[PDB]
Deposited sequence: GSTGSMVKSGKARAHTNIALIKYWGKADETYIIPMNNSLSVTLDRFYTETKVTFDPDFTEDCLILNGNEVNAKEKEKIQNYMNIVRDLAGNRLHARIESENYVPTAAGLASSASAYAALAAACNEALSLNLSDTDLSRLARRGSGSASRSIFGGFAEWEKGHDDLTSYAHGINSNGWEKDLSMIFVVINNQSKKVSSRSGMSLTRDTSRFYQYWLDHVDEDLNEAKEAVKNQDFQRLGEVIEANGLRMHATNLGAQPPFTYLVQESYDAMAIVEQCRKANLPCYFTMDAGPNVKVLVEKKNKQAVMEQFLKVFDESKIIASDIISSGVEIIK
């Protein structure tokens, strides 16, 4: 029997991945830039047994659903081909995330599975190839191989499409993210990629957004990073508005949280917001101002709905 266990942390995209150039290999229409979070993660143990008939995934103690079981089986097929065996695996996975709060486990789940498999089957994959393996499960997972800032290079094929870690001289140690708890990303983004009247607008600005953001981290320039990523995040959501037919991930409460962020800026508490495939609002903020910003939120939201996390420096990690 072959087993291994690993922990991967979720990451939030500051420059968004939204829309695939290639649905089967998960190659993106554009590069993305993300930060990896300390607080939320997945621990996954994988066990390969000559005895097993089909792949098993137990998550937080409970067997998973149809589509997920199928989603896992097709993914392990990839792992089997790569490793060169025919072993089925029993996967035991736990998400360390506030429950029923809508946090995406996608990135942390596949990065963790990829790394656990790597360990179990002794593949000694390089980070590049680990990121590649993770990508095949979920595009965002490619980034969770790394800590701090990470960039997913879109490439043009399976070999060239992967993430890498960005050294920012420890800037990530100065930063945090506040979550305000309030249609599938894969399904949402394919509709928008395929049909949206505003998608071209998204493509025309994404590289510049990205360049500006990467420059800002080179200078550890928070306001400048913050401004571009906020703009970029909003433009992603604009594209869904142009889909055929239109849709939104946002609700009034998301807008209320956004308004609170602008006010914090006016009161000289720099922070910037972004949203993914749901109404949750994430507030990038400097650690020094994290408590102050949270207080401003507490005036309006339940304390239980205001959850802060640091940015973790290290990457995916083997659990011995």
Item to complete: Return the ranges of the deposited sequence not covered by C-alpha coordinates, sorted by sequence position.
Response: 1-6, 189-194
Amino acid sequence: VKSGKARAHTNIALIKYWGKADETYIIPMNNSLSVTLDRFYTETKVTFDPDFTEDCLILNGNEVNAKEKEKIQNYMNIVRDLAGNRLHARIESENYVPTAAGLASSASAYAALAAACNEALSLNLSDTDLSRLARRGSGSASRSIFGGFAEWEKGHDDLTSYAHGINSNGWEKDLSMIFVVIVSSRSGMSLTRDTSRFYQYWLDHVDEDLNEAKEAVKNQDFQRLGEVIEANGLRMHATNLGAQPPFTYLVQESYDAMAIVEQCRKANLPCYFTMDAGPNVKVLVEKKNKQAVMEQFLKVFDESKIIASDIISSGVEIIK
From here on, numbers count along this sequence of modelled residues.
Discussion item. Please determine whether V183 lacks coordinates in at least a third of the other PDB entries of this protein that model its flanking residues.
Written reply: yes
Fill in: Selected stretch [higher average CA B-factor]: 273-281 or 55-63
55-63
Item to complete: May I ask you to compare 6-14 and 304-312 by their mean CA B factor in the entry and name the higher one?
Response: 304-312
Worksheet item: Among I229, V97, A112, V181, where is the Cα temperature factor highest, going by the PDB entry?
Response: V97
Worksheet entry | Residue selected from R193, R235, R86, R135 by maximal Cα B factor | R86
Practice prompt. Grab the CA temperature factor for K266 from the record and place it in the lowest, middle or highest third of its chain.
Written response: highest
Worksheet item: Taking the entry's C-alpha B-factors for this chain, is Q252 in the lowest, middle or highest third?
Response: lowest
Worksheet item: Going by the entry, which third of its chain does the Cα temperature factor of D38 land in?
Response: lowest
Item to complete: Could you look up the Cα B-factor of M258 in the entry and say which third of the chain it sits in: lowest, middle or highest?
Response: lowest
Item to complete: Looking at the entry's B-factor column for C-alpha atoms only, identify whether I78 ranks in the lowest, middle or highest third of its chain.
Response: highest
